[PDB]
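**Q** What follows is a structure written as structure tokens; I'll ask about it next.
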Amino acid sequence: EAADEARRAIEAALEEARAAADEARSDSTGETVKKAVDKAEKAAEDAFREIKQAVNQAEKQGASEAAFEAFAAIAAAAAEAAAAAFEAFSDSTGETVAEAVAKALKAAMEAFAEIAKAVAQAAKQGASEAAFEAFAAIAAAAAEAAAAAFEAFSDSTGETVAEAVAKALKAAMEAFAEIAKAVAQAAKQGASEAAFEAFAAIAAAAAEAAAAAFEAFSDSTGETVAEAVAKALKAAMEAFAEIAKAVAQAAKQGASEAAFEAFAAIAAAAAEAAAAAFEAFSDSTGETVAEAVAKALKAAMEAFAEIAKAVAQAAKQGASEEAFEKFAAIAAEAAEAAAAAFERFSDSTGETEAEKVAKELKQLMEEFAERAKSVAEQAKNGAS
């Protein structure tokens, strides 16, 4: 009766979303408003039908009852994210605003369906209940970021502002889907519960940086600033995705607990640096300063991905605990440097000073990645 309670809860979430689609629809009369709402309402339904199917695919493969409790936790977060893409819609009724609203709700829905299928894959691969708790945490983090993207949208109605908002919400969604897939691969590879705890922290660290970039967007509706915010959030998302994949490869290698701890600290160091580059953007609405900001965050999203790929290569070699600590200390030292290049830029918005501090953050990022790679190659030889 466990999968039965899951299907009924799944049908309570789909129903709670259609009512939310109706709750936003009674307060709208423009034709383009009802169009995109019917588009957004059809996107959460094809995702709701895809959730009951994964609840049935793990029934033929009779998963543990922890898989059905994560499917109900994922359906519930699905209903809340549609009601969030609709609560932000309630303050708007323009064509492009509703269009990007439908696009963003379709982005978190396709990401939600992909998470349930990954939960189903681990079910046939009979994972641990720590993977299920990480699945509910990854789904909860997904809802917190889509809702934050909508709240930031509640402050803006610009066509380009809403377009980059939908482009950004899809970026973390595609990043979140890739995280759930890696969680499924390690589930087939039956890794530890320290990996799933770091996976929950990685899902949270993603939400922190996404909400921060949106919080920075709550200060700017200039098309040049919105795209820079969107392209930046995409960089950190592509970074976090690579960090989740690396967290799975060492899980295939079956490493120690200190690795996932440094992986959870690396995801946090990424969040701190991403929010910092956004917090300095809260003091700059010039085009050239905005580009230098997002370009450095791209250089920082590349650096963090390298330091996570390096910590994984030492876990495959079976290294000591001093490596993951030095890896986490390089991640935080990188965060202090990317935050410093942002607060000092808050005292210079001339194009020359912006691209100058940016290029130095790329030179230092390549140096930090060189420092992380040096730490890895030293641990492979058996260093004391």
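Residues in the structure tokens are named by chain (A, B, ... in the order shown) and by number from 1 within that chain; ligands are numbered from 1 in the order shown.
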Quick check for you: according to DSSP on this backbone, which residues of stretch 27-75 of chain A are classed as helix (DSSP H, G or I)? Reply as a PyMOL selection string.

**A** chain A and resi 31-60+65-75

**Q** Using only C-alpha atoms, tabulate the residues of stretch 311-350 of chain A lying at most 10 Å from any atom of stretch 357-374 of chain A, each with its closest atom pair and that distance in Å to one decimal, by chain and increasing residue number, as JSON lines.

**A**
```
{"residue": "A:311", "atom": "CA", "partner": "A:372", "partner_atom": "CA", "distance": 8.0}
{"residue": "A:313", "atom": "CA", "partner": "A:373", "partner_atom": "CA", "distance": 9.4}
{"residue": "A:314", "atom": "CA", "partner": "A:373", "partner_atom": "CA", "distance": 9.8}
{"residue": "A:323", "atom": "CA", "partner": "A:372", "partner_atom": "CA", "distance": 9.7}
{"residue": "A:326", "atom": "CA", "partner": "A:372", "partner_atom": "CA", "distance": 8.3}
{"residue": "A:327", "atom": "CA", "partner": "A:372", "partner_atom": "CA", "distance": 6.5}
{"residue": "A:328", "atom": "CA", "partner": "A:372", "partner_atom": "CA", "distance": 9.6}
{"residue": "A:329", "atom": "CA", "partner": "A:372", "partner_atom": "CA", "distance": 9.7}
{"residue": "A:330", "atom": "CA", "partner": "A:372", "partner_atom": "CA", "distance": 6.7}
{"residue": "A:331", "atom": "CA", "partner": "A:368", "partner_atom": "CA", "distance": 8.6}
{"residue": "A:333", "atom": "CA", "partner": "A:368", "partner_atom": "CA", "distance": 8.7}
{"residue": "A:334", "atom": "CA", "partner": "A:368", "partner_atom": "CA", "distance": 6.9}
{"residue": "A:337", "atom": "CA", "partner": "A:361", "partner_atom": "CA", "distance": 7.9}
{"residue": "A:338", "atom": "CA", "partner": "A:361", "partner_atom": "CA", "distance": 6.9}
{"residue": "A:340", "atom": "CA", "partner": "A:361", "partner_atom": "CA", "distance": 9.7}
{"residue": "A:341", "atom": "CA", "partner": "A:357", "partner_atom": "CA", "distance": 6.3}
{"residue": "A:342", "atom": "CA", "partner": "A:357", "partner_atom": "CA", "distance": 8.5}
{"residue": "A:344", "atom": "CA", "partner": "A:357", "partner_atom": "CA", "distance": 8.7}
{"residue": "A:345", "atom": "CA", "partner": "A:357", "partner_atom": "CA", "distance": 7.3}
{"residue": "A:348", "atom": "CA", "partner": "A:357", "partner_atom": "CA", "distance": 9.6}
```

**Q** Using only C-alpha atoms, which of A:127, A:143, A:383, A:195 sits nearest residue A:254?

**A** A:195

**Q** Of the residues A:225, A:88, A:307, A:339, which is the one nearest to residue A:279, using only C-alpha atoms?

**A** A:339

**Q** Can you measure atom CA of residue A:14 to atom CA of residue A:76 for me? One decimal in Å is fine.

**A** 8.6 Å

**Q** Taking 4 positions as the minimum chain separation for residues in the same chain, which residues sit within 10 Å of residue A:381 when counting only C-alpha atoms? Answer as a short mmCIF file (atom, residue, chain, number, x, y, z; two decimals) with N, CA, C and O atoms, in the first residue's frame.

**A**
```cif
data_model
loop_
_atom_site.label_atom_id
_atom_site.label_comp_id
_atom_site.auth_asym_id
_atom_site.auth_seq_id
_atom_site.Cartn_x
_atom_site.Cartn_y
_atom_site.Cartn_z
N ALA A 314 42.18 12.67 -6.39
CA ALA A 314 42.91 12.18 -5.24
C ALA A 314 42.13 11.12 -4.48
O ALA A 314 42.74 10.23 -3.86
N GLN A 317 42.82 7.95 -6.24
CA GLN A 317 44.13 7.47 -5.85
C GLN A 317 44.17 6.97 -4.41
O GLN A 317 45.15 6.33 -4.01
N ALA A 319 43.93 8.91 -1.20
CA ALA A 319 44.88 9.79 -0.54
C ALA A 319 44.50 9.96 0.93
O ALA A 319 43.65 9.25 1.47
N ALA A 376 46.73 17.87 -5.89
CA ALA A 376 46.26 16.55 -6.30
C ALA A 376 47.41 15.67 -6.74
O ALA A 376 47.55 14.53 -6.27
N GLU A 377 48.26 16.17 -7.65
CA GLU A 377 49.38 15.37 -8.15
C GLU A 377 50.39 15.04 -7.06
O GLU A 377 51.11 14.05 -7.18
#
```

**Q** Extract, using only C-alpha atoms, all DNA, RNA and protein residues at most 12 Å from residue A:35, discarding same-chain residues fewer than 2 positions from it, and format them as an MDAnalysis selection string.

**A** chainID A and resid 21 25 28:33 37:42 93:103

**Q** The selected residues should be written to file as an mmCIF file, in the first residue's frame (atoms: N, CA and C atoms).

**A**
```
data_model
loop_
_atom_site.group_PDB
_atom_site.id
_atom_site.type_symbol
_atom_site.label_atom_id
_atom_site.label_comp_id
_atom_site.auth_asym_id
_atom_site.auth_seq_id
_atom_site.Cartn_x
_atom_site.Cartn_y
_atom_site.Cartn_z
ATOM 1 N N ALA A 21 -3.081 27.006 -10.730
ATOM 2 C CA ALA A 21 -3.256 27.572 -12.062
ATOM 3 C C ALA A 21 -4.593 28.287 -12.170
ATOM 4 N N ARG A 25 -5.629 32.313 -12.512
ATOM 5 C CA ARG A 25 -6.376 32.545 -13.741
ATOM 6 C C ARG A 25 -7.630 33.379 -13.526
ATOM 7 N N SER A 28 -7.146 37.431 -14.153
ATOM 8 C CA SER A 28 -6.521 37.709 -15.438
ATOM 9 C C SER A 28 -7.584 37.633 -16.523
ATOM 10 N N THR A 29 -7.483 38.530 -17.506
ATOM 11 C CA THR A 29 -8.447 38.581 -18.599
ATOM 12 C C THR A 29 -7.818 38.804 -19.966
ATOM 13 N N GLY A 30 -6.540 39.166 -20.047
ATOM 14 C CA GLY A 30 -5.898 39.304 -21.342
ATOM 15 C C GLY A 30 -5.702 37.949 -22.001
ATOM 16 N N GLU A 31 -5.850 37.927 -23.327
ATOM 17 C CA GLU A 31 -5.770 36.664 -24.056
ATOM 18 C C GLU A 31 -4.400 36.014 -23.900
ATOM 19 N N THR A 32 -3.328 36.806 -23.978
ATOM 20 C CA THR A 32 -1.989 36.240 -23.836
ATOM 21 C C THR A 32 -1.756 35.702 -22.430
ATOM 22 N N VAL A 33 -2.490 36.223 -21.444
ATOM 23 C CA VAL A 33 -2.359 35.736 -20.074
ATOM 24 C C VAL A 33 -2.911 34.323 -19.958
ATOM 25 N N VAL A 37 -0.718 30.697 -19.363
ATOM 26 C CA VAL A 37 -1.151 29.938 -18.192
ATOM 27 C C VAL A 37 -1.579 28.536 -18.607
ATOM 28 N N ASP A 38 -2.372 28.438 -19.677
ATOM 29 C CA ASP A 38 -2.723 27.126 -20.210
ATOM 30 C C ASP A 38 -1.486 26.377 -20.687
ATOM 31 N N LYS A 39 -0.462 27.107 -21.137
ATOM 32 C CA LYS A 39 0.811 26.476 -21.469
ATOM 33 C C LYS A 39 1.531 26.008 -20.210
ATOM 34 N N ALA A 40 1.605 26.869 -19.191
ATOM 35 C CA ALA A 40 2.272 26.488 -17.950
ATOM 36 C C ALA A 40 1.505 25.386 -17.230
ATOM 37 N N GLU A 41 0.171 25.422 -17.304
ATOM 38 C CA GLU A 41 -0.641 24.393 -16.662
ATOM 39 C C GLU A 41 -0.488 23.044 -17.351
ATOM 40 N N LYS A 42 -0.241 23.038 -18.661
ATOM 41 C CA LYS A 42 -0.016 21.787 -19.372
ATOM 42 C C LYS A 42 1.385 21.236 -19.147
ATOM 43 N N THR A 93 0.479 40.817 -15.966
ATOM 44 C CA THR A 93 -0.410 40.248 -16.979
ATOM 45 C C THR A 93 0.012 40.604 -18.413
ATOM 46 N N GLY A 94 1.248 41.054 -18.627
ATOM 47 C CA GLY A 94 1.700 41.346 -19.971
ATOM 48 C C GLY A 94 2.012 40.085 -20.753
ATOM 49 N N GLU A 95 2.178 40.263 -22.064
ATOM 50 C CA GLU A 95 2.424 39.122 -22.940
ATOM 51 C C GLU A 95 3.759 38.461 -22.619
ATOM 52 N N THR A 96 4.850 39.229 -22.700
ATOM 53 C CA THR A 96 6.176 38.660 -22.482
ATOM 54 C C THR A 96 6.373 38.211 -21.039
ATOM 55 N N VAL A 97 5.720 38.878 -20.086
ATOM 56 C CA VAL A 97 5.833 38.474 -18.688
ATOM 57 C C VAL A 97 5.190 37.109 -18.477
ATOM 58 N N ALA A 98 4.004 36.902 -19.054
ATOM 59 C CA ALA A 98 3.343 35.608 -18.924
ATOM 60 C C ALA A 98 4.056 34.542 -19.748
ATOM 61 N N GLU A 99 4.600 34.923 -20.907
ATOM 62 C CA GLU A 99 5.329 33.966 -21.735
ATOM 63 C C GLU A 99 6.543 33.417 -20.996
ATOM 64 N N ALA A 100 7.374 34.305 -20.444
ATOM 65 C CA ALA A 100 8.526 33.847 -19.676
ATOM 66 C C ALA A 100 8.096 33.137 -18.401
ATOM 67 N N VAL A 101 6.919 33.477 -17.874
ATOM 68 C CA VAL A 101 6.393 32.774 -16.709
ATOM 69 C C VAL A 101 6.046 31.336 -17.074
ATOM 70 N N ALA A 102 5.379 31.145 -18.215
ATOM 71 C CA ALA A 102 5.089 29.792 -18.674
ATOM 72 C C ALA A 102 6.371 29.035 -18.989
ATOM 73 N N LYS A 103 7.348 29.710 -19.599
ATOM 74 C CA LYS A 103 8.600 29.038 -19.933
ATOM 75 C C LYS A 103 9.334 28.585 -18.675
#
```

**Q** Compile the contact shell of residue A:169 as number ranges by chain: residues with an atom at most 8 Å away, counting only C-alpha atoms, same-chain residues fewer than 3 positions apart removed.

**A** A: 104, 107-108, 145-146, 149, 165-166, 172-173

**Q** Near residue A:270, counting only C-alpha atoms, which residues have an atom at most 7 Å away, once you skip same-chain residues fewer than 4 positions from it, shown as number ranges by chain?

**A** A: 266, 274, 304, 335

**Q** Please provide as a count of residues only all residues within 9 Å of residue A:260, with the sequence filter that same-chain residues fewer than 2 positions apart are discarded (counting only C-alpha atoms).

**A** 16

**Q** Distance table requested - stretch 184-288 of chain A against stretch 134-142 of chain A, cut-off 6 Å, only C-alpha atoms: one row per qualifying residue with the closest atom pair and its distance in Å to one decimal, ordered by chain and rising residue number, as a Markdown table.

**A**
```
| residue | atom | partner | partner_atom | distance |
| --- | --- | --- | --- | --- |
| A:196 | CA | A:134 | CA | 5.5 |
| A:200 | CA | A:134 | CA | 5.0 |
| A:203 | CA | A:138 | CA | 5.2 |
| A:204 | CA | A:141 | CA | 5.6 |
| A:207 | CA | A:141 | CA | 5.8 |
```

**Q** Have a look at A:309, A:162, A:50, A:90 and name the one nearest to residue A:223; count only C-alpha atoms.

**A**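 The answer is A:162, which sits nearest to residue A:223.
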
**Q** Let me make sure I understand: among A:308, A:209, A:83, A:36, which one has the smallest atom-to-atom distance to residue A:237 if we use only C-alpha atoms?

**A**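 Among the listed residues, A:209 lies closest to residue A:237.
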
**Q** Out of A:290, A:82, A:122, A:305, which residue has the shortest atom-to-atom distance to residue A:222 when counting only C-alpha atoms?

**A** A:290

**Q** Would you compute the distance between atom CA of residue A:125 and atom CA of residue A:187? Give it in Å to one decimal.

**A**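 For atom CA of residue A:125 relative to atom CA of residue A:187, the distance reads 6.6 Å.
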